[PDB]
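First the structure, in the form of structure tokens, and then the observations on it.
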Amino acid sequence: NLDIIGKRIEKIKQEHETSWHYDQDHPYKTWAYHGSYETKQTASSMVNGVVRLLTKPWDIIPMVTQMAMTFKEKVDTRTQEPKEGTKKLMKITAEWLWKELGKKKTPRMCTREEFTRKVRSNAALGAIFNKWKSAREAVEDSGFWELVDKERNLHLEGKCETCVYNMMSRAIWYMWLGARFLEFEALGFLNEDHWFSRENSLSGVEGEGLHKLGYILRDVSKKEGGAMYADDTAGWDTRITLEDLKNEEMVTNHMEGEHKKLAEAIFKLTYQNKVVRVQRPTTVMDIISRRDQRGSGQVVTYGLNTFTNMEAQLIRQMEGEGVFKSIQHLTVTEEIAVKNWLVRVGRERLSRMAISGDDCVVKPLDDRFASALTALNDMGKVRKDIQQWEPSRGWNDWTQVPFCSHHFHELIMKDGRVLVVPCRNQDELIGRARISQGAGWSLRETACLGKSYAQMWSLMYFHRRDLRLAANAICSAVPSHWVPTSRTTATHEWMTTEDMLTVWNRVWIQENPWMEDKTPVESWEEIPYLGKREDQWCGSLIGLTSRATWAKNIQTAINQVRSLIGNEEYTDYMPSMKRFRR
Ligand SMILES: CNC(=O)c1cnc(C)s1
Ligand SMILES: [Zn+2]
Ligand SMILES: [Zn+2]
């Protein structure tokens with residue numbers, strides 16, 4: 001308790017000595033409260049005018065237009081301690097899983113150079129504003145690194161002074177760049193060296209790309225077994241127990257020297273003990289603390305969520321297969337059975353799963369898995385939108401399974417070759433491309449973000465009639481040499497000024513390990529669409545009068561945007577489509 005968090009609390013107390021009151025009407029039950037102090041401040045979603053002017057039919061579709069307008073009583077709940085049997089299953093599984101992930105990888109510190117290079121090409125590191133303006137400036141200043149140095153030596157000494165969370169079914173925990181650096185130095189290797197690649201972790205999909213996920217789910221479907229299960233957890237980050245954080249910390253057992261000590265400090269001082277500052281309109285700042293739940297950087301959060309989800313799903317698989325009888329207590333002979341199961345079939349069972357942080361697909365040995373709920377519920381990983389003891393409903397067809405906000409279609413090219421393509425409701429895709437985040441966007445920067453969405457659509461969603469047409473229109477409306485941009489950056493192959501037909505050939509043919517015939521495609525007309533009825537099912541406006549008028553008059557929309565941007569060099573991409581080709 002206060003021996004580990006006091007120093008952080010003490011330091012904040014003194015910087016607001018004018019305002020420090022132990023408020024009596026504090027709304028916290030599950031968070032430890034410590035005091036308040038005076039502040040006054042808040043970043044709404046802005047519309048992308050280039051994308052909206054080229055998607056006129058969607059101006060009267062509420063599912064699109066409502067997306068641009070506008071639970072923290074789930075962060076303030078508690079999770080019960082798992083039973084002894086459950087704690088044993090988790091410890092055995094976690095020990096085995098770090099060893100498997102460690103067989104072909106070496107833990108190592110990430111460098112100031114790697115961190116500096118990240119900041120100097122806009123990765124969402126979740127930092128705050130203040131002594132330097134931006135991340136780019138602090139990183140190019142020796143003073144910062146001396147603050148970093150002071151904290152670093154405090155961590156080597158087993159103590160913390162400045163590693164404090166700022167809070168803002170979501171919740172992002174920003175830290176100061178320094179605390180983020182020290183987290184990246186100790187634990188960045190999990191992402192930087194691809195510990196959760198499919199090659200390394202067998203269940204993972206880190207670095208795979210949306211053009212691979214469908215083929216991965218089809219490969220899982222080919223295993224003998226029961227239905228495909230895709231159960232969502234209700235508020236995964238809030239269900240991470242102190243036992244989970246201790247099993248995650250066992251990655252330090254594989255480390256040595258300075259690295260081991262720096263990593264043990266991140267786990268002990270920032271993950272297993274947290275200090276957080278939260279805005280309350282009653283506007284004050286509350287300084288609250290707790291031991292459990294997930295609150296790390298978003299990239300470390302991804303890897304540790306993937307780890308703990310892989311662990312939880314192996315245990316649910318063990319329950320279904322009858323490897324243990326009860327979570328109350330593991331007998332000596334059940335422990336050896338669980339160890340033996342892991343050694344003999346553990347790697348096969350990992351290959352039955354696709355796991356992306358809190359998101360999973362499992363094809364178990366049989367459907368006993370559906371009603372194997374005791375360990376899953378006792379670990380606190382309670383399923384969303386189903387009663388606690390109601391058996392899971394599985395999917396009979398891999399093309400219906402939800403994963404990473406998508407489903408996947410099997411699409412046969414006129415030449416017989418097979419594409420497995422990503423898909424989601426088209427209102428969601430159009431609504432997202434019509435939104436920007438943040439202030440000070442020039443017309444050029446707005447155009448270049450629209451171009452990033454257009455090129456993503458050409459590469460991932462070419463099979464949706466409306467998106468191939470809208471992508472061609474946006475790429476015709478934005479100057480040909482202007483470079484696509486994002487502000488918060490899976491593999492992003494559409495972020496390029498290379499010709500999109502050349503990129504399509506590289507991604508779907510040349511580098512596609514599921515495509516045996518490497519014959520390049522010569523034009524966009526060789527590249528197929530979904531069935532017309534399937535395209536409508538997934539939200540196409542094909543068949544509507546609004547959509548017909550838009551398609552017919554598209555050159556008028558393109559010319560409106562070109563007139564706003566001004567006298568620049570543009571390319572007409574519309575004749576790449578049969579209907580504009582004379
Ligand atoms: C006596 N039970 C066991 O040792 C195992 C159960 N399932 C395995 C693959 S090994
Ligand atoms: Zn610290
Ligand atoms: Zn679809």
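All residue names refer to the structure tokens as shown: chains lettered A, B, ... in order, residues numbered from 1 in each chain, ligands numbered from 1 in order.
The environment of residue 457 in chain A within 7 Å, counting only C-alpha atoms and disregarding residues fewer than 6 places along the same chain, consists of residues 467, 468 and 471 of chain A.
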Could you list, as a PyMOL selection string, all residues that come within 7 Å of ligand 2? Count only C-alpha atoms and all ligand atoms. chain A and resi 151+155+159-163+179+269-270
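For ligand 3, the set of protein, DNA and RNA residues within 9 Å, based on only C-alpha atoms and all ligand atoms, reads residues 399, 406, 407, 408, 409, 421, 422, 423, 424, 425, 426, 464, 530, 534, 535, 537, 538 and 539 of chain A.
Taking only C-alpha atoms and all ligand atoms into account, the residues that come within 6 Å of ligand 1 are residues 323, 337, 340, 341, 344 and 345 of chain A.
Around range 375-383 of chain A, within 8 Å and counting only C-alpha atoms, the residues found are residues 79, 80, 82, 83, 86, 231, 232, 233, 234, 236, 239, 240, 241, 312, 315, 316, 319, 327, 372, 386 and 388 of chain A, once anything fewer than 3 positions away on its own chain is removed.
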With C-alpha atoms retained, write the just-selected residues as a PDB file, in the first residue's frame.
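What ended up in selection-v9.pdb:
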ATOM      1  CA  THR A  79     -13.511  -8.836  -9.123  1.00  0.00           C
ATOM      2  CA  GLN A  80     -13.512 -11.677  -6.485  1.00  0.00           C
ATOM      3  CA  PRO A  82     -10.284 -16.997  -7.865  1.00  0.00           C
ATOM      4  CA  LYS A  83     -10.433 -20.382  -5.991  1.00  0.00           C
ATOM      5  CA  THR A  86      -8.230 -21.903 -10.563  1.00  0.00           C
ATOM      6  CA  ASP A 231     -17.372 -15.252 -26.930  1.00  0.00           C
ATOM      7  CA  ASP A 232     -16.745 -11.544 -26.094  1.00  0.00           C
ATOM      8  CA  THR A 233     -15.763 -10.715 -22.460  1.00  0.00           C
ATOM      9  CA  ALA A 234     -17.783  -7.970 -20.696  1.00  0.00           C
ATOM     10  CA  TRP A 236     -11.963  -7.348 -20.324  1.00  0.00           C
ATOM     11  CA  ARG A 239     -11.701  -8.139 -15.186  1.00  0.00           C
ATOM     12  CA  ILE A 240      -7.851  -8.456 -15.022  1.00  0.00           C
ATOM     13  CA  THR A 241      -7.205  -9.799 -11.454  1.00  0.00           C
ATOM     14  CA  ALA A 312      -7.810 -18.468 -20.160  1.00  0.00           C
ATOM     15  CA  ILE A 315      -7.901 -23.666 -19.456  1.00  0.00           C
ATOM     16  CA  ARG A 316     -11.475 -23.530 -20.879  1.00  0.00           C
ATOM     17  CA  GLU A 319     -12.213 -28.003 -18.695  1.00  0.00           C
ATOM     18  CA  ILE A 327     -11.800 -25.500  -9.685  1.00  0.00           C
ATOM     19  CA  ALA A 372     -17.296 -25.593 -19.735  1.00  0.00           C
ATOM     20  CA  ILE A 386     -25.502 -14.212 -22.126  1.00  0.00           C
ATOM     21  CA  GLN A 388     -23.579 -16.752 -16.535  1.00  0.00           C
TER      22      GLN A 388
END
DSSP helix (DSSP H, G or I) residues within range 244-301 of chain A, listed as a PDB file with N, CA, C and O atoms, in the first residue's frame:
ATOM      1  N   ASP A 244      -3.846 -12.545 -12.318  1.00  0.00           N
ATOM      2  CA  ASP A 244      -3.481 -12.326 -13.747  1.00  0.00           C
ATOM      3  C   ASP A 244      -2.182 -11.496 -13.830  1.00  0.00           C
ATOM      4  O   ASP A 244      -1.242 -11.943 -14.516  1.00  0.00           O
ATOM      5  N   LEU A 245      -2.112 -10.339 -13.160  1.00  0.00           N
ATOM      6  CA  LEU A 245      -0.905  -9.447 -13.189  1.00  0.00           C
ATOM      7  C   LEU A 245       0.349 -10.172 -12.671  1.00  0.00           C
ATOM      8  O   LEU A 245       1.425  -9.920 -13.223  1.00  0.00           O
ATOM      9  N   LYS A 246       0.209 -11.092 -11.714  1.00  0.00           N
ATOM     10  CA  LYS A 246       1.325 -11.911 -11.160  1.00  0.00           C
ATOM     11  C   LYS A 246       1.756 -12.977 -12.167  1.00  0.00           C
ATOM     12  O   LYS A 246       2.975 -13.183 -12.297  1.00  0.00           O
ATOM     13  N   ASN A 247       0.823 -13.624 -12.863  1.00  0.00           N
ATOM     14  CA  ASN A 247       1.181 -14.606 -13.914  1.00  0.00           C
ATOM     15  C   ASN A 247       1.862 -13.880 -15.086  1.00  0.00           C
ATOM     16  O   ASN A 247       2.826 -14.432 -15.639  1.00  0.00           O
ATOM     17  N   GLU A 248       1.404 -12.688 -15.456  1.00  0.00           N
ATOM     18  CA  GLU A 248       2.030 -11.869 -16.531  1.00  0.00           C
ATOM     19  C   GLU A 248       3.486 -11.502 -16.148  1.00  0.00           C
ATOM     20  O   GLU A 248       4.385 -11.578 -17.021  1.00  0.00           O
ATOM     21  N   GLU A 249       3.710 -11.136 -14.881  1.00  0.00           N
ATOM     22  CA  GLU A 249       5.034 -10.713 -14.343  1.00  0.00           C
ATOM     23  C   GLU A 249       6.069 -11.833 -14.495  1.00  0.00           C
ATOM     24  O   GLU A 249       7.273 -11.505 -14.527  1.00  0.00           O
ATOM     25  N   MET A 250       5.634 -13.094 -14.598  1.00  0.00           N
ATOM     26  CA  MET A 250       6.570 -14.243 -14.722  1.00  0.00           C
ATOM     27  C   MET A 250       7.398 -14.150 -16.003  1.00  0.00           C
ATOM     28  O   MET A 250       8.390 -14.918 -16.123  1.00  0.00           O
ATOM     29  N   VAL A 251       7.070 -13.256 -16.937  1.00  0.00           N
ATOM     30  CA  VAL A 251       7.983 -13.044 -18.090  1.00  0.00           C
ATOM     31  C   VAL A 251       9.364 -12.603 -17.556  1.00  0.00           C
ATOM     32  O   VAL A 251      10.358 -12.906 -18.240  1.00  0.00           O
ATOM     33  N   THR A 252       9.449 -11.920 -16.402  1.00  0.00           N
ATOM     34  CA  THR A 252      10.741 -11.465 -15.779  1.00  0.00           C
ATOM     35  C   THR A 252      11.641 -12.656 -15.402  1.00  0.00           C
ATOM     36  O   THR A 252      12.881 -12.449 -15.327  1.00  0.00           O
ATOM     37  N   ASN A 253      11.076 -13.845 -15.184  1.00  0.00           N
ATOM     38  CA  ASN A 253      11.858 -15.077 -14.861  1.00  0.00           C
ATOM     39  C   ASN A 253      12.819 -15.435 -15.999  1.00  0.00           C
ATOM     40  O   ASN A 253      13.704 -16.296 -15.778  1.00  0.00           O
ATOM     41  N   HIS A 254      12.590 -14.876 -17.187  1.00  0.00           N
ATOM     42  CA  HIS A 254      13.328 -15.179 -18.440  1.00  0.00           C
ATOM     43  C   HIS A 254      14.357 -14.076 -18.727  1.00  0.00           C
ATOM     44  O   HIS A 254      14.979 -14.115 -19.799  1.00  0.00           O
ATOM     45  N   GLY A 257      20.094  -9.306 -15.375  1.00  0.00           N
ATOM     46  CA  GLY A 257      20.803  -8.026 -15.172  1.00  0.00           C
ATOM     47  C   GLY A 257      19.849  -6.873 -14.921  1.00  0.00           C
ATOM     48  O   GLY A 257      18.780  -7.114 -14.292  1.00  0.00           O
ATOM     49  N   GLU A 258      20.223  -5.690 -15.427  1.00  0.00           N
ATOM     50  CA  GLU A 258      19.457  -4.416 -15.401  1.00  0.00           C
ATOM     51  C   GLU A 258      18.030  -4.664 -15.924  1.00  0.00           C
ATOM     52  O   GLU A 258      17.066  -4.258 -15.255  1.00  0.00           O
ATOM     53  N   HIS A 259      17.894  -5.305 -17.080  1.00  0.00           N
ATOM     54  CA  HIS A 259      16.575  -5.559 -17.721  1.00  0.00           C
ATOM     55  C   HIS A 259      15.620  -6.203 -16.713  1.00  0.00           C
ATOM     56  O   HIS A 259      14.526  -5.658 -16.532  1.00  0.00           O
ATOM     57  N   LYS A 260      16.025  -7.295 -16.064  1.00  0.00           N
ATOM     58  CA  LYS A 260      15.193  -8.003 -15.072  1.00  0.00           C
ATOM     59  C   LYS A 260      14.705  -7.006 -14.023  1.00  0.00           C
ATOM     60  O   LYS A 260      13.512  -7.066 -13.652  1.00  0.00           O
ATOM     61  N   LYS A 261      15.583  -6.118 -13.559  1.00  0.00           N
ATOM     62  CA  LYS A 261      15.249  -5.208 -12.432  1.00  0.00           C
ATOM     63  C   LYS A 261      14.305  -4.128 -12.948  1.00  0.00           C
ATOM     64  O   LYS A 261      13.333  -3.837 -12.259  1.00  0.00           O
ATOM     65  N   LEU A 262      14.565  -3.594 -14.142  1.00  0.00           N
ATOM     66  CA  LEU A 262      13.721  -2.519 -14.724  1.00  0.00           C
ATOM     67  C   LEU A 262      12.296  -3.064 -14.984  1.00  0.00           C
ATOM     68  O   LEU A 262      11.341  -2.320 -14.702  1.00  0.00           O
ATOM     69  N   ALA A 263      12.163  -4.321 -15.438  1.00  0.00           N
ATOM     70  CA  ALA A 263      10.874  -4.981 -15.775  1.00  0.00           C
ATOM     71  C   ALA A 263      10.095  -5.307 -14.494  1.00  0.00           C
ATOM     72  O   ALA A 263       8.856  -5.112 -14.480  1.00  0.00           O
ATOM     73  N   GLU A 264      10.784  -5.816 -13.467  1.00  0.00           N
ATOM     74  CA  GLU A 264      10.179  -6.151 -12.145  1.00  0.00           C
ATOM     75  C   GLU A 264       9.579  -4.890 -11.514  1.00  0.00           C
ATOM     76  O   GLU A 264       8.497  -4.982 -10.911  1.00  0.00           O
ATOM     77  N   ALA A 265      10.227  -3.749 -11.712  1.00  0.00           N
ATOM     78  CA  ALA A 265       9.797  -2.426 -11.205  1.00  0.00           C
ATOM     79  C   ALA A 265       8.533  -1.972 -11.942  1.00  0.00           C
ATOM     80  O   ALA A 265       7.626  -1.475 -11.271  1.00  0.00           O
ATOM     81  N   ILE A 266       8.504  -2.064 -13.274  1.00  0.00           N
ATOM     82  CA  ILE A 266       7.287  -1.696 -14.049  1.00  0.00           C
ATOM     83  C   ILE A 266       6.114  -2.520 -13.490  1.00  0.00           C
ATOM     84  O   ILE A 266       5.115  -1.899 -13.135  1.00  0.00           O
ATOM     85  N   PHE A 267       6.245  -3.845 -13.363  1.00  0.00           N
ATOM     86  CA  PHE A 267       5.151  -4.737 -12.900  1.00  0.00           C
ATOM     87  C   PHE A 267       4.753  -4.371 -11.463  1.00  0.00           C
ATOM     88  O   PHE A 267       3.551  -4.167 -11.246  1.00  0.00           O
ATOM     89  N   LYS A 268       5.713  -4.297 -10.524  1.00  0.00           N
ATOM     90  CA  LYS A 268       5.464  -4.058  -9.069  1.00  0.00           C
ATOM     91  C   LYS A 268       4.890  -2.660  -8.835  1.00  0.00           C
ATOM     92  O   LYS A 268       3.901  -2.547  -8.103  1.00  0.00           O
ATOM     93  N   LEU A 269       5.511  -1.640  -9.418  1.00  0.00           N
ATOM     94  CA  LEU A 269       5.311  -0.227  -9.004  1.00  0.00           C
ATOM     95  C   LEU A 269       4.219   0.454  -9.823  1.00  0.00           C
ATOM     96  O   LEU A 269       3.597   1.376  -9.261  1.00  0.00           O
ATOM     97  N   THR A 270       4.023   0.095 -11.098  1.00  0.00           N
ATOM     98  CA  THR A 270       3.048   0.792 -11.984  1.00  0.00           C
ATOM     99  C   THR A 270       1.852  -0.113 -12.335  1.00  0.00           C
ATOM    100  O   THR A 270       0.786   0.421 -12.488  1.00  0.00           O
ATOM    101  N   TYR A 271       1.997  -1.431 -12.442  1.00  0.00           N
ATOM    102  CA  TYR A 271       0.891  -2.315 -12.909  1.00  0.00           C
ATOM    103  C   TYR A 271       0.139  -2.866 -11.703  1.00  0.00           C
ATOM    104  O   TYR A 271      -1.096  -2.786 -11.724  1.00  0.00           O
ATOM    105  N   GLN A 298      -1.067   1.194 -24.373  1.00  0.00           N
ATOM    106  CA  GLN A 298      -2.004   0.436 -25.238  1.00  0.00           C
ATOM    107  C   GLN A 298      -1.248  -0.713 -25.926  1.00  0.00           C
ATOM    108  O   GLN A 298      -1.837  -1.774 -26.082  1.00  0.00           O
ATOM    109  N   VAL A 299       0.028  -0.562 -26.289  1.00  0.00           N
ATOM    110  CA  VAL A 299       0.752  -1.655 -27.013  1.00  0.00           C
ATOM    111  C   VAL A 299       1.148  -2.775 -26.041  1.00  0.00           C
ATOM    112  O   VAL A 299       1.011  -3.973 -26.413  1.00  0.00           O
ATOM    113  N   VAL A 300       1.668  -2.445 -24.850  1.00  0.00           N
ATOM    114  CA  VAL A 300       1.895  -3.487 -23.804  1.00  0.00           C
ATOM    115  C   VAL A 300       0.555  -4.115 -23.400  1.00  0.00           C
ATOM    116  O   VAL A 300       0.510  -5.336 -23.205  1.00  0.00           O
ATOM    117  N   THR A 301      -0.499  -3.320 -23.238  1.00  0.00           N
ATOM    118  CA  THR A 301      -1.858  -3.841 -22.936  1.00  0.00           C
ATOM    119  C   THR A 301      -2.227  -4.912 -23.971  1.00  0.00           C
ATOM    120  O   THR A 301      -2.708  -5.959 -23.560  1.00  0.00           O
TER     121      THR A 301
END
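CA of residue 573 in chain A sits 10.6 Å away from CA of residue 555 in chain A.
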Nearest to residue 146 in chain A, chosen from A:178, A:350, A:443, A:21, with only C-alpha atoms counted in the distances: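 Nearest to residue 146 in chain A: A:178.
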Have a look at A:328, A:351, A:536, A:436 and name the one nearest to residue 216 in chain A; count only C-alpha atoms. A:351
Identify, on the basis of only C-alpha atoms, every residue whose closest approach to range 356-362 of chain A does not exceed 9 Å; exclude the query and any residue fewer than 6 positions from it along the same chain; express the result as a ChimeraX atom specification. /A:196,203-206,217,220,227-233,236-237,301-310,313,317,350,401-404
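Residues of range 416-570 of chain A that DSSP places in strand (DSSP E or B), based on the backbone of this structure, are residues 418, 419, 420, 421, 422, 423, 435, 436 and 437 of chain A.
CA of residue 504 in chain A is found 10.5 Å from CA of residue 456 in chain A.
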Hey, what's within 8 Å of range 112-126 of chain A if we count only C-alpha atoms and toss same-chain stuff fewer than 5 positions away? As a PDB file with C-alpha atoms, in the first residue's frame, please?
ATOM      1  CA  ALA A 135       6.801  14.337 -27.739  1.00  0.00           C
ATOM      2  CA  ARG A 136       9.052  15.314 -30.721  1.00  0.00           C
ATOM      3  CA  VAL A 139      13.030  13.582 -27.036  1.00  0.00           C
ATOM      4  CA  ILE A 172      -7.365   5.376 -22.059  1.00  0.00           C
ATOM      5  CA  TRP A 173      -4.727   5.885 -19.288  1.00  0.00           C
ATOM      6  CA  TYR A 174      -2.247   8.554 -20.595  1.00  0.00           C
ATOM      7  CA  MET A 175       1.144   8.874 -18.748  1.00  0.00           C
ATOM      8  CA  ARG A 180       6.016   5.670 -21.225  1.00  0.00           C
ATOM      9  CA  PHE A 181       9.730   5.466 -22.137  1.00  0.00           C
ATOM     10  CA  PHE A 184       8.843   0.688 -23.493  1.00  0.00           C
ATOM     11  CA  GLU A 185      12.466   0.049 -22.378  1.00  0.00           C
ATOM     12  CA  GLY A 297       0.359   1.599 -22.445  1.00  0.00           C
ATOM     13  CA  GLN A 298      -2.004   0.436 -25.238  1.00  0.00           C
ATOM     14  CA  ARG A 487      -2.434  11.067 -36.857  1.00  0.00           C
ATOM     15  CA  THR A 488      -2.875   7.683 -34.954  1.00  0.00           C
ATOM     16  CA  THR A 489      -1.194   4.848 -37.006  1.00  0.00           C
TER      17      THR A 489
END
